[PDB]
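Trainee: So that we are looking at the same thing, I have put the structure below in structure tokens.
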Amino acid sequence: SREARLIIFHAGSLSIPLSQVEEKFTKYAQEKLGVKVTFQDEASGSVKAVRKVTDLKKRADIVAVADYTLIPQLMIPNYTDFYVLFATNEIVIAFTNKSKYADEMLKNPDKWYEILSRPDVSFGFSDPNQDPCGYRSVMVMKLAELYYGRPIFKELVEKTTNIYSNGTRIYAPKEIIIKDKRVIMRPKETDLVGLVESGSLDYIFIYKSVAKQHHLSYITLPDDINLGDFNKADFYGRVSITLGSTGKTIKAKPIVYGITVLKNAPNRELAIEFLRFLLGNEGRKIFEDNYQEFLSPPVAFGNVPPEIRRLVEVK
């Protein structure tokens, strides 16, 4: 095959570094594999990306998600038999100098929930049923309620939408309704960036890597609630969310991205070469430069391709 195409369904937060890795792989594929490669890339919230394969039965070679959990939970063994954990992230609150009370937010980051509770302030997060950034945002507000001892989840989520909780279990209905129009929602977190940049939306919950990639202002949240501290897994794990889209429950946990090549990938050998290139030195460098460093090393589970065995730790 001289000319080949790779179809990748992936998390929206991976868009920027993935696009750069794809560019470099195209050159590499020609020079080392003698193949002219083109990508049929489809960015969406990770839950939707997985469902496109498992429920809508669409064709794809590679699926890369922002929450590795989704792969063993929904794709194994029918669609794939392995997955690789390869990068991490944390949730931050992003904005720009045009956002209302931006200076105050920067100066008093610990009072972030008081500013978001103001009626004249608009904030957004992605759809929990489609995007891990969105279900993580809701979980972060629940952890915030538990951590600070203030009614943050009741104020920011239950008052503004029909997403609800009982104890530490959160429920995202199939049909989400926004009651307070100062709250904006979009299918994936990266859709929120344009809204903040234009100044029409004041604050957004989003990954630190995405905020830095788009040069947005942001404040960090406590490690006990931001999902970036691996030592807080037991505390994070007390909170969970049940998605209307899949009917399944996902626990809040340290953020770890996952990737896999499908059993019926149309260009499976080429897809595996791409995975080897991505987890290799060139991919690692590109992700580091986009503020999302790889795990050292990435960890792989299941029937791992021998081609990437020197690049991952098998479990």
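We label chains A, B, ... in the order they appear in the structure tokens, count residues from 1 in each chain, and number ligands from 1 in the order shown.
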Might you pull out every residue within 12 Å of residue 135 in chain A, with only C-alpha atoms counted and same-chain residues fewer than 5 positions away left off, and present them as a CSV table (one decimal) with N, CA, C and O atoms, in the first residue's frame?

Mentor:
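That gives us result-v8.csv:
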chain,number,residue,atom,x,y,z
A,45,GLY,N,-16.1,14.7,22.4
A,45,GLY,CA,-15.9,14.3,23.8
A,45,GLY,C,-15.5,12.9,23.8
A,45,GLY,O,-16.0,12.1,22.9
A,46,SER,N,-14.7,12.4,24.7
A,46,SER,CA,-14.3,11.0,24.7
A,46,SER,C,-15.4,9.9,24.8
A,46,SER,O,-15.3,8.8,24.2
A,47,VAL,N,-16.4,10.2,25.6
A,47,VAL,CA,-17.5,9.2,25.7
A,47,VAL,C,-18.2,9.1,24.3
A,47,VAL,O,-18.5,7.9,23.8
A,66,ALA,N,-9.7,10.8,27.0
A,66,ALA,CA,-9.1,11.6,28.1
A,66,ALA,C,-9.3,10.8,29.5
A,66,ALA,O,-8.8,11.3,30.5
A,67,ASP,N,-10.0,9.7,29.5
A,67,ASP,CA,-10.2,8.9,30.7
A,67,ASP,C,-10.1,7.5,30.2
A,67,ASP,O,-11.1,6.9,29.6
A,91,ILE,N,-7.7,19.6,36.4
A,91,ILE,CA,-8.7,20.6,36.1
A,91,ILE,C,-8.4,21.9,36.7
A,91,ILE,O,-8.0,22.0,37.9
A,125,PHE,N,-19.1,24.4,31.2
A,125,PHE,CA,-18.4,23.1,31.3
A,125,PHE,C,-19.1,22.3,30.2
A,125,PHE,O,-20.2,22.6,29.8
A,126,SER,N,-18.4,21.2,29.8
A,126,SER,CA,-18.9,20.4,28.7
A,126,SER,C,-19.9,19.4,29.2
A,126,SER,O,-20.1,19.1,30.4
A,127,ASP,N,-20.6,18.8,28.2
A,127,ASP,CA,-21.7,17.8,28.5
A,127,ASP,C,-21.1,16.5,29.1
A,127,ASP,O,-20.4,15.8,28.4
A,128,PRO,N,-21.5,16.2,30.4
A,128,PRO,CA,-21.0,15.0,31.1
A,128,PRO,C,-21.3,13.7,30.3
A,128,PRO,O,-20.6,12.8,30.4
A,129,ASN,N,-22.4,13.7,29.5
A,129,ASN,CA,-22.8,12.5,28.8
A,129,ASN,C,-21.8,12.3,27.6
A,129,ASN,O,-21.8,11.1,27.1
A,130,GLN,N,-21.1,13.3,27.2
A,130,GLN,CA,-20.2,13.2,26.0
A,130,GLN,C,-18.8,13.3,26.3
A,130,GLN,O,-17.9,12.8,25.5
A,140,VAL,N,-15.7,17.6,40.2
A,140,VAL,CA,-14.8,18.6,40.9
A,140,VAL,C,-15.6,19.5,41.8
A,140,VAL,O,-15.2,19.8,43.0
A,141,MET,N,-16.8,19.9,41.4
A,141,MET,CA,-17.6,20.7,42.2
A,141,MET,C,-18.2,20.0,43.4
A,141,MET,O,-18.4,20.5,44.5
A,142,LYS,N,-18.4,18.7,43.2
A,142,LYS,CA,-18.9,17.8,44.3
A,142,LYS,C,-17.8,17.7,45.3
A,142,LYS,O,-18.0,17.8,46.6
A,157,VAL,N,-24.3,23.5,40.4
A,157,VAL,CA,-24.8,22.5,39.5
A,157,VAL,C,-26.3,22.2,39.7
A,157,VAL,O,-27.0,22.1,38.6
A,163,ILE,N,-28.8,18.3,36.6
A,163,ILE,CA,-27.8,17.3,37.0
A,163,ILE,C,-28.0,17.3,38.5
A,163,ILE,O,-28.0,18.3,39.2
A,170,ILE,N,-23.4,11.2,41.8
A,170,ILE,CA,-24.0,12.2,40.9
A,170,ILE,C,-24.7,11.5,39.7
A,170,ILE,O,-24.2,10.4,39.3
A,171,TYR,N,-25.7,12.1,39.2
A,171,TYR,CA,-26.4,11.5,38.1
A,171,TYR,C,-26.6,12.6,36.9
A,171,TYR,O,-27.1,13.7,37.2
A,172,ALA,N,-26.2,12.2,35.7
A,172,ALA,CA,-26.3,13.1,34.6
A,172,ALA,C,-27.5,12.5,33.7
A,172,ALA,O,-27.3,11.4,33.1
A,173,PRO,N,-28.6,13.2,33.7
A,173,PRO,CA,-29.7,12.6,32.9
A,173,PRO,C,-29.4,12.6,31.4
A,173,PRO,O,-28.5,13.4,31.0
A,185,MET,N,-23.1,25.3,28.2
A,185,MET,CA,-22.6,24.0,28.0
A,185,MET,C,-22.3,23.7,26.6
A,185,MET,O,-23.0,24.4,25.7
A,187,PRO,N,-20.8,20.4,23.6
A,187,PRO,CA,-20.5,19.0,23.5
A,187,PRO,C,-19.1,18.5,24.0
A,187,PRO,O,-18.9,17.4,24.5
A,188,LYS,N,-18.1,19.4,23.9
A,188,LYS,CA,-16.8,19.1,24.3
A,188,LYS,C,-16.1,20.4,24.9
A,188,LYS,O,-16.4,21.5,24.4
A,189,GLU,N,-15.2,20.2,25.8
A,189,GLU,CA,-14.5,21.3,26.5
A,189,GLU,C,-13.8,22.3,25.5
A,189,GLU,O,-13.9,23.5,25.8
A,205,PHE,N,-14.4,25.5,33.2
A,205,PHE,CA,-13.7,24.4,33.8
A,205,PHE,C,-13.1,23.7,32.7
A,205,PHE,O,-13.8,23.4,31.7
A,206,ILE,N,-11.8,23.5,32.7
A,206,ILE,CA,-11.1,22.8,31.6
A,206,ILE,C,-9.7,22.3,32.0
A,206,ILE,O,-9.2,22.7,33.1
A,227,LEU,N,-8.1,16.5,40.6
A,227,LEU,CA,-7.9,15.2,39.9
A,227,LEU,C,-6.5,15.0,39.3
A,227,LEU,O,-6.4,14.2,38.4
A,239,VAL,N,-16.5,9.9,45.1
A,239,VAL,CA,-17.4,10.6,44.3
A,239,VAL,C,-17.5,9.8,42.9
A,239,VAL,O,-16.5,9.4,42.4
A,240,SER,N,-18.7,9.7,42.4
A,240,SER,CA,-18.9,9.0,41.1
A,240,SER,C,-20.0,9.7,40.3
A,240,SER,O,-20.8,10.5,40.9
A,241,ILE,N,-20.1,9.4,39.0
A,241,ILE,CA,-21.2,9.9,38.2
A,241,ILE,C,-21.7,8.8,37.3
A,241,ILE,O,-21.0,8.0,36.8
A,242,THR,N,-23.0,8.8,37.2
A,242,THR,CA,-23.7,7.8,36.3
A,242,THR,C,-24.2,8.6,35.1
A,242,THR,O,-24.9,9.5,35.3
A,243,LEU,N,-23.7,8.2,33.9
A,243,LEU,CA,-24.0,8.9,32.7
A,243,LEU,C,-25.3,8.3,32.0
A,243,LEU,O,-25.4,7.1,31.9
A,244,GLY,N,-26.2,9.2,31.6
A,244,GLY,CA,-27.4,8.8,30.9
A,244,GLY,C,-27.0,8.2,29.6
A,244,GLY,O,-27.7,7.2,29.1
A,245,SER,N,-26.0,8.7,28.9
A,245,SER,CA,-25.6,8.2,27.6
A,245,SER,C,-25.1,6.7,27.5
A,245,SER,O,-25.4,6.0,26.6
A,249,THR,N,-21.5,3.8,35.5
A,249,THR,CA,-21.0,4.7,36.5
A,249,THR,C,-19.4,4.8,36.4
A,249,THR,O,-18.8,3.8,36.1
A,250,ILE,N,-18.9,6.0,36.6
A,250,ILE,CA,-17.5,6.3,36.5
A,250,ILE,C,-17.0,7.0,37.8
A,250,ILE,O,-17.6,8.0,38.2
A,251,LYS,N,-16.0,6.5,38.5
A,251,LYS,CA,-15.5,7.2,39.7
A,251,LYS,C,-14.6,8.3,39.4
A,251,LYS,O,-13.9,8.2,38.3
A,252,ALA,N,-14.6,9.3,40.2
A,252,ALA,CA,-13.6,10.4,40.0
A,252,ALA,C,-12.3,9.7,40.4
A,252,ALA,O,-12.2,8.9,41.3
A,253,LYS,N,-11.2,10.0,39.6
A,253,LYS,CA,-9.9,9.4,39.8
A,253,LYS,C,-8.9,10.3,39.2
A,253,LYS,O,-9.3,11.2,38.4
A,255,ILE,N,-6.6,11.9,36.7
A,255,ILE,CA,-6.8,11.9,35.2
A,255,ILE,C,-5.7,11.2,34.5
A,255,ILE,O,-4.5,11.6,34.6

Trainee: Write out, as a Markdown table, each residue of range 20-101 of chain A that has an atom at most 12 Å from range 265-286 of chain A, together with the closest pair of atoms and their distance in Å to one decimal, counting only C-alpha atoms, rows going by chain and rising number.

Mentor:
| residue | atom | partner | partner_atom | distance |
| --- | --- | --- | --- | --- |
| A:20 | CA | A:286 | CA | 7.0 |
| A:21 | CA | A:283 | CA | 5.8 |
| A:22 | CA | A:274 | CA | 8.4 |
| A:23 | CA | A:283 | CA | 10.8 |
| A:24 | CA | A:282 | CA | 8.1 |
| A:25 | CA | A:274 | CA | 7.0 |
| A:26 | CA | A:274 | CA | 9.4 |
| A:27 | CA | A:277 | CA | 11.6 |
| A:28 | CA | A:277 | CA | 8.8 |
| A:29 | CA | A:274 | CA | 8.7 |
| A:30 | CA | A:270 | CA | 11.9 |
| A:32 | CA | A:273 | CA | 10.7 |
| A:33 | CA | A:270 | CA | 9.1 |
| A:34 | CA | A:270 | CA | 11.4 |
| A:35 | CA | A:270 | CA | 9.3 |
| A:36 | CA | A:270 | CA | 11.1 |
| A:37 | CA | A:270 | CA | 9.3 |
| A:38 | CA | A:270 | CA | 11.4 |
| A:39 | CA | A:271 | CA | 10.7 |
| A:53 | CA | A:265 | CA | 10.8 |
| A:58 | CA | A:265 | CA | 10.8 |
| A:59 | CA | A:265 | CA | 7.4 |
| A:60 | CA | A:265 | CA | 5.9 |
| A:61 | CA | A:265 | CA | 4.2 |
| A:62 | CA | A:271 | CA | 6.8 |
| A:63 | CA | A:265 | CA | 10.2 |
| A:64 | CA | A:275 | CA | 10.3 |
| A:79 | CA | A:265 | CA | 9.3 |
| A:80 | CA | A:265 | CA | 9.4 |
| A:83 | CA | A:275 | CA | 10.9 |
| A:84 | CA | A:279 | CA | 9.5 |
| A:85 | CA | A:279 | CA | 10.3 |
| A:86 | CA | A:279 | CA | 7.7 |
| A:87 | CA | A:284 | CA | 9.6 |

Trainee: Can I get the selected residues back with N, CA and C atoms, as a short mmCIF file (atom, residue, chain, number, x, y, z; two decimals), in the first residue's frame?

Mentor:
data_model
loop_
_atom_site.label_atom_id
_atom_site.label_comp_id
_atom_site.auth_asym_id
_atom_site.auth_seq_id
_atom_site.Cartn_x
_atom_site.Cartn_y
_atom_site.Cartn_z
N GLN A 20 -0.05 17.75 15.67
CA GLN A 20 1.38 17.92 15.44
C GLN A 20 2.08 16.57 15.29
N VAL A 21 1.65 15.58 16.07
CA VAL A 21 2.23 14.24 15.96
C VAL A 21 1.87 13.67 14.59
N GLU A 22 0.62 13.87 14.16
CA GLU A 22 0.19 13.36 12.85
C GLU A 22 1.02 13.95 11.72
N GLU A 23 1.34 15.24 11.82
CA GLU A 23 2.14 15.90 10.80
C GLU A 23 3.51 15.25 10.71
N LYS A 24 4.16 15.06 11.86
CA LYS A 24 5.47 14.43 11.87
C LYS A 24 5.43 12.97 11.43
N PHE A 25 4.35 12.27 11.75
CA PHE A 25 4.24 10.87 11.36
C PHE A 25 4.10 10.73 9.85
N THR A 26 3.47 11.72 9.22
CA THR A 26 3.28 11.68 7.78
C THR A 26 4.65 11.68 7.09
N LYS A 27 5.55 12.54 7.55
CA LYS A 27 6.90 12.60 6.99
C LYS A 27 7.62 11.28 7.24
N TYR A 28 7.52 10.81 8.48
CA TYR A 28 8.16 9.56 8.90
C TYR A 28 7.64 8.38 8.08
N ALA A 29 6.33 8.31 7.90
CA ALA A 29 5.73 7.22 7.14
C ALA A 29 6.27 7.15 5.72
N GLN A 30 6.46 8.30 5.09
CA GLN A 30 6.96 8.34 3.73
C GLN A 30 8.41 7.84 3.69
N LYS A 32 10.36 6.29 6.01
CA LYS A 32 10.69 4.99 6.57
C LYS A 32 9.76 3.86 6.15
N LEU A 33 8.49 4.16 5.90
CA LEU A 33 7.55 3.12 5.51
C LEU A 33 7.16 3.19 4.03
N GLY A 34 7.58 4.25 3.35
CA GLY A 34 7.26 4.41 1.94
C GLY A 34 5.77 4.51 1.69
N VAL A 35 5.05 5.07 2.65
CA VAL A 35 3.60 5.22 2.54
C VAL A 35 3.15 6.67 2.64
N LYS A 36 2.23 7.06 1.76
CA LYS A 36 1.67 8.41 1.77
C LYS A 36 0.46 8.31 2.69
N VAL A 37 0.56 8.91 3.87
CA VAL A 37 -0.52 8.83 4.84
C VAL A 37 -1.35 10.09 5.02
N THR A 38 -2.65 9.89 5.18
CA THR A 38 -3.57 10.99 5.43
C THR A 38 -4.42 10.54 6.60
N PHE A 39 -4.86 11.50 7.39
CA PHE A 39 -5.67 11.20 8.56
C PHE A 39 -7.10 11.67 8.43
N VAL A 53 -17.91 4.07 18.02
CA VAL A 53 -17.40 2.76 17.66
C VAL A 53 -18.28 1.63 18.19
N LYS A 58 -19.37 2.70 13.91
CA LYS A 58 -18.58 3.37 12.88
C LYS A 58 -17.17 2.79 12.81
N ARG A 59 -16.56 2.94 11.63
CA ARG A 59 -15.23 2.43 11.35
C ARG A 59 -14.12 3.36 11.86
N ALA A 60 -13.11 2.77 12.50
CA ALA A 60 -11.99 3.56 13.00
C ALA A 60 -10.79 2.67 13.23
N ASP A 61 -9.61 3.27 13.27
CA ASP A 61 -8.37 2.53 13.50
C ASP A 61 -7.91 2.71 14.94
N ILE A 62 -7.95 3.96 15.38
CA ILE A 62 -7.47 4.34 16.71
C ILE A 62 -8.48 5.17 17.48
N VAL A 63 -8.59 4.90 18.78
CA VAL A 63 -9.47 5.66 19.66
C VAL A 63 -8.56 6.16 20.81
N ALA A 64 -8.52 7.47 21.03
CA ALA A 64 -7.71 8.04 22.11
C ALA A 64 -8.67 8.83 22.98
N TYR A 79 -14.42 -4.77 20.83
CA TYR A 79 -13.79 -3.86 19.89
C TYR A 79 -12.27 -3.75 19.95
N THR A 80 -11.70 -4.15 21.07
CA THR A 80 -10.25 -4.14 21.24
C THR A 80 -9.91 -5.05 22.41
N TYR A 83 -5.12 -1.65 25.92
CA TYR A 83 -5.14 -0.19 26.01
C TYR A 83 -3.88 0.29 26.70
N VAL A 84 -3.53 1.54 26.44
CA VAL A 84 -2.33 2.12 27.01
C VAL A 84 -2.64 3.43 27.73
N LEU A 85 -2.18 3.54 28.97
CA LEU A 85 -2.33 4.76 29.76
C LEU A 85 -1.08 5.55 29.43
N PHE A 86 -1.23 6.80 28.97
CA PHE A 86 -0.03 7.51 28.55
C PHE A 86 0.19 8.97 28.93
N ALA A 87 -0.81 9.66 29.47
CA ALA A 87 -0.60 11.05 29.84
C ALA A 87 -1.60 11.41 30.92
#

Trainee: For the alpha helix (DSSP H) assignment from backbone DSSP, which residues of range 180-259 of chain A qualify? Please present them as JSON, numbers by chain.

Mentor: {"A": [190, 191, 192, 193, 194, 195, 196, 197, 198, 208, 209, 210, 211, 212, 213, 233, 234, 235, 236]}

Trainee: How would you write, as a ChimeraX atom specification, the set of residues in range 31-270 of chain A that DSSP gives as strand (DSSP E or B)?

Mentor: /A:36-44,62-65,82-88,91-95,123-126,161,164-166,169-172,178,183-186,203-207,217-220,240-243,249-251,256-261

Trainee: In Å to one decimal, how far is CA of residue 89 in chain A from CA of residue 228 in chain A?

Mentor: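 So the two atoms, CA of residue 228 in chain A and CA of residue 89 in chain A, lie 5.9 Å apart.
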
Trainee: Of the candidates A:315, A:309, A:111, A:2, which shows the shortest atom-to-atom distance to residue 152 in chain A, using only C-alpha atoms?

Mentor: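 That would be A:111, the residue with the smallest distance to residue 152 in chain A.
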
Trainee: Residues within 12 Å of range 146-148 of chain A, please, as an MDAnalysis selection string. Count only C-alpha atoms; anything in the same chain fewer than 2 positions from it doesn't count.

Mentor: chainID A and resid 110:114 139:144 150:154 167:168 221:226 235:236 238:239

Trainee: Generate the output file for the selected residues, N, CA and C atoms, as a PDB file, in the first residue's frame.

Mentor:
ATOM      1  N   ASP A 110      -8.592  31.057  45.969  1.00  0.00           N
ATOM      2  CA  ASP A 110      -9.280  30.189  46.911  1.00  0.00           C
ATOM      3  C   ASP A 110     -10.760  30.521  47.061  1.00  0.00           C
ATOM      4  N   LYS A 111     -11.180  31.660  46.519  1.00  0.00           N
ATOM      5  CA  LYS A 111     -12.592  32.046  46.596  1.00  0.00           C
ATOM      6  C   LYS A 111     -13.265  31.883  45.236  1.00  0.00           C
ATOM      7  N   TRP A 112     -12.696  31.019  44.395  1.00  0.00           N
ATOM      8  CA  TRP A 112     -13.243  30.780  43.065  1.00  0.00           C
ATOM      9  C   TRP A 112     -14.740  30.472  43.071  1.00  0.00           C
ATOM     10  N   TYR A 113     -15.200  29.692  44.038  1.00  0.00           N
ATOM     11  CA  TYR A 113     -16.613  29.322  44.051  1.00  0.00           C
ATOM     12  C   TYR A 113     -17.569  30.431  44.446  1.00  0.00           C
ATOM     13  N   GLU A 114     -17.044  31.486  45.058  1.00  0.00           N
ATOM     14  CA  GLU A 114     -17.876  32.624  45.440  1.00  0.00           C
ATOM     15  C   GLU A 114     -18.091  33.463  44.188  1.00  0.00           C
ATOM     16  N   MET A 139     -17.863  16.510  38.887  1.00  0.00           N
ATOM     17  CA  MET A 139     -17.288  15.824  40.033  1.00  0.00           C
ATOM     18  C   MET A 139     -16.385  16.733  40.847  1.00  0.00           C
ATOM     19  N   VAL A 140     -15.661  17.630  40.187  1.00  0.00           N
ATOM     20  CA  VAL A 140     -14.797  18.560  40.911  1.00  0.00           C
ATOM     21  C   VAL A 140     -15.629  19.465  41.829  1.00  0.00           C
ATOM     22  N   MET A 141     -16.798  19.889  41.362  1.00  0.00           N
ATOM     23  CA  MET A 141     -17.642  20.741  42.196  1.00  0.00           C
ATOM     24  C   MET A 141     -18.219  19.954  43.384  1.00  0.00           C
ATOM     25  N   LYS A 142     -18.440  18.655  43.201  1.00  0.00           N
ATOM     26  CA  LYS A 142     -18.921  17.826  44.305  1.00  0.00           C
ATOM     27  C   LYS A 142     -17.767  17.663  45.327  1.00  0.00           C
ATOM     28  N   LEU A 143     -16.560  17.394  44.831  1.00  0.00           N
ATOM     29  CA  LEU A 143     -15.414  17.241  45.726  1.00  0.00           C
ATOM     30  C   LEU A 143     -15.171  18.563  46.444  1.00  0.00           C
ATOM     31  N   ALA A 144     -15.449  19.673  45.764  1.00  0.00           N
ATOM     32  CA  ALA A 144     -15.261  20.994  46.358  1.00  0.00           C
ATOM     33  C   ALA A 144     -16.216  21.160  47.537  1.00  0.00           C
ATOM     34  N   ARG A 150     -18.703  23.879  52.015  1.00  0.00           N
ATOM     35  CA  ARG A 150     -19.667  24.884  51.569  1.00  0.00           C
ATOM     36  C   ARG A 150     -20.495  24.228  50.450  1.00  0.00           C
ATOM     37  N   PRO A 151     -21.781  24.602  50.320  1.00  0.00           N
ATOM     38  CA  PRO A 151     -22.751  24.096  49.335  1.00  0.00           C
ATOM     39  C   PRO A 151     -22.480  24.448  47.868  1.00  0.00           C
ATOM     40  N   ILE A 152     -21.254  24.203  47.431  1.00  0.00           N
ATOM     41  CA  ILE A 152     -20.822  24.532  46.086  1.00  0.00           C
ATOM     42  C   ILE A 152     -21.517  23.722  44.981  1.00  0.00           C
ATOM     43  N   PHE A 153     -21.713  22.428  45.196  1.00  0.00           N
ATOM     44  CA  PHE A 153     -22.364  21.617  44.176  1.00  0.00           C
ATOM     45  C   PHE A 153     -23.839  22.014  44.064  1.00  0.00           C
ATOM     46  N   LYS A 154     -24.476  22.262  45.208  1.00  0.00           N
ATOM     47  CA  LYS A 154     -25.882  22.649  45.218  1.00  0.00           C
ATOM     48  C   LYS A 154     -26.070  23.979  44.507  1.00  0.00           C
ATOM     49  N   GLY A 167     -26.085  11.875  48.182  1.00  0.00           N
ATOM     50  CA  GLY A 167     -24.898  11.406  48.859  1.00  0.00           C
ATOM     51  C   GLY A 167     -23.767  11.845  47.946  1.00  0.00           C
ATOM     52  N   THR A 168     -22.806  10.976  47.693  1.00  0.00           N
ATOM     53  CA  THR A 168     -21.711  11.365  46.813  1.00  0.00           C
ATOM     54  C   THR A 168     -21.835  10.736  45.422  1.00  0.00           C
ATOM     55  N   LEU A 221      -6.683  24.681  41.211  1.00  0.00           N
ATOM     56  CA  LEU A 221      -7.564  24.282  42.304  1.00  0.00           C
ATOM     57  C   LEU A 221      -6.765  23.396  43.251  1.00  0.00           C
ATOM     58  N   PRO A 222      -7.257  23.205  44.485  1.00  0.00           N
ATOM     59  CA  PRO A 222      -6.576  22.367  45.479  1.00  0.00           C
ATOM     60  C   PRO A 222      -6.327  20.962  44.937  1.00  0.00           C
ATOM     61  N   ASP A 223      -5.222  20.337  45.344  1.00  0.00           N
ATOM     62  CA  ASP A 223      -4.934  18.969  44.863  1.00  0.00           C
ATOM     63  C   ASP A 223      -5.986  17.956  45.302  1.00  0.00           C
ATOM     64  N   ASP A 224      -6.676  18.242  46.403  1.00  0.00           N
ATOM     65  CA  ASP A 224      -7.703  17.325  46.897  1.00  0.00           C
ATOM     66  C   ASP A 224      -8.926  17.264  45.982  1.00  0.00           C
ATOM     67  N   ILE A 225      -9.069  18.242  45.088  1.00  0.00           N
ATOM     68  CA  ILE A 225     -10.211  18.251  44.180  1.00  0.00           C
ATOM     69  C   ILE A 225      -9.883  18.358  42.682  1.00  0.00           C
ATOM     70  N   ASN A 226      -8.639  18.667  42.316  1.00  0.00           N
ATOM     71  CA  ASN A 226      -8.360  18.886  40.893  1.00  0.00           C
ATOM     72  C   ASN A 226      -8.099  17.689  39.985  1.00  0.00           C
ATOM     73  N   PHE A 235      -9.772   9.537  48.075  1.00  0.00           N
ATOM     74  CA  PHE A 235     -10.698  10.648  48.326  1.00  0.00           C
ATOM     75  C   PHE A 235     -11.503  10.942  47.067  1.00  0.00           C
ATOM     76  N   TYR A 236     -10.821  11.020  45.927  1.00  0.00           N
ATOM     77  CA  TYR A 236     -11.517  11.276  44.666  1.00  0.00           C
ATOM     78  C   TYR A 236     -12.584  10.216  44.438  1.00  0.00           C
ATOM     79  N   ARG A 238     -14.499   8.542  46.177  1.00  0.00           N
ATOM     80  CA  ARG A 238     -15.721   8.510  46.973  1.00  0.00           C
ATOM     81  C   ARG A 238     -16.836   9.154  46.167  1.00  0.00           C
ATOM     82  N   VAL A 239     -16.452   9.895  45.128  1.00  0.00           N
ATOM     83  CA  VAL A 239     -17.426  10.560  44.256  1.00  0.00           C
ATOM     84  C   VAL A 239     -17.506   9.823  42.921  1.00  0.00           C
TER      85      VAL A 239
END

Trainee: How many Å lie between CA of residue 11 in chain A and CA of residue 65 in chain A, rounded to one decimal?

Mentor: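 We find that CA of residue 11 in chain A and CA of residue 65 in chain A lie 5.0 Å from each other.
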
Trainee: Find, counting only C-alpha atoms, the residue in A:76, A:299, A:18, A:94 that gets nearest to residue 106 in chain A.

Mentor: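 Checking each candidate against residue 106 in chain A, we get A:94 as the closest.
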
Trainee: Could you please determine the separation between CA of residue 124 in chain A and CA of residue 294 in chain A in Å, to one decimal place?

Mentor: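 These two atoms are separated by 27.8 Å.
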
Trainee: Any idea what's packed within 9 Å of range 209-211 of chain A, counting only C-alpha atoms, ignoring anything in its chain fewer than 2 positions away? Could you give it as a list in words?

Mentor: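 Here the qualifying residues turn out to be residues 13, 14, 16, 89, 90, 92, 93, 94, 95, 190, 193, 206, 207, 213, 214, 215, 216, 217, 218, 290, 291 and 292 of chain A.
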
Trainee: Of the candidates A:234, A:81, A:104, A:131, which one gets nearest to residue 303 in chain A if we count only C-alpha atoms?

Mentor: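 Nearest candidate to residue 303 in chain A out of A:234, A:81, A:104, A:131: A:81.
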
Trainee: Any idea what's packed within 10 Å of residue 202 in chain A, counting only C-alpha atoms, ignoring anything in its chain fewer than 4 positions away? Could you give it as JSON, numbers by chain?

Mentor: {"A": [94, 95, 96, 97, 98, 99, 100, 101, 102, 116, 120, 121, 122, 123, 124, 182, 183, 195, 196, 197, 198]}

Trainee: How about saving the chosen residues, C-alpha atoms kept, as a PDB file, in the first residue's frame?

Mentor:
ATOM      1  CA  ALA A  94      -9.720  29.389  32.865  1.00  0.00           C
ATOM      2  CA  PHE A  95     -10.585  32.906  31.725  1.00  0.00           C
ATOM      3  CA  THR A  96      -9.085  36.029  30.140  1.00  0.00           C
ATOM      4  CA  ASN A  97      -8.487  39.652  31.185  1.00  0.00           C
ATOM      5  CA  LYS A  98     -11.921  40.474  29.717  1.00  0.00           C
ATOM      6  CA  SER A  99     -13.763  38.106  32.086  1.00  0.00           C
ATOM      7  CA  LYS A 100     -15.792  39.772  34.822  1.00  0.00           C
ATOM      8  CA  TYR A 101     -13.821  39.890  38.087  1.00  0.00           C
ATOM      9  CA  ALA A 102     -10.753  38.373  36.398  1.00  0.00           C
ATOM     10  CA  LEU A 116     -18.833  31.577  40.168  1.00  0.00           C
ATOM     11  CA  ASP A 120     -23.730  38.446  36.912  1.00  0.00           C
ATOM     12  CA  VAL A 121     -21.055  35.838  36.152  1.00  0.00           C
ATOM     13  CA  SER A 122     -21.286  33.255  33.375  1.00  0.00           C
ATOM     14  CA  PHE A 123     -19.384  29.981  33.453  1.00  0.00           C
ATOM     15  CA  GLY A 124     -19.323  26.808  31.452  1.00  0.00           C
ATOM     16  CA  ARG A 182     -25.639  32.219  32.789  1.00  0.00           C
ATOM     17  CA  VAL A 183     -24.319  28.633  32.610  1.00  0.00           C
ATOM     18  CA  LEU A 195     -16.417  31.589  23.963  1.00  0.00           C
ATOM     19  CA  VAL A 196     -13.981  32.627  26.697  1.00  0.00           C
ATOM     20  CA  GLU A 197     -11.510  34.196  24.266  1.00  0.00           C
ATOM     21  CA  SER A 198     -14.262  36.383  22.789  1.00  0.00           C
TER      22      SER A 198
END
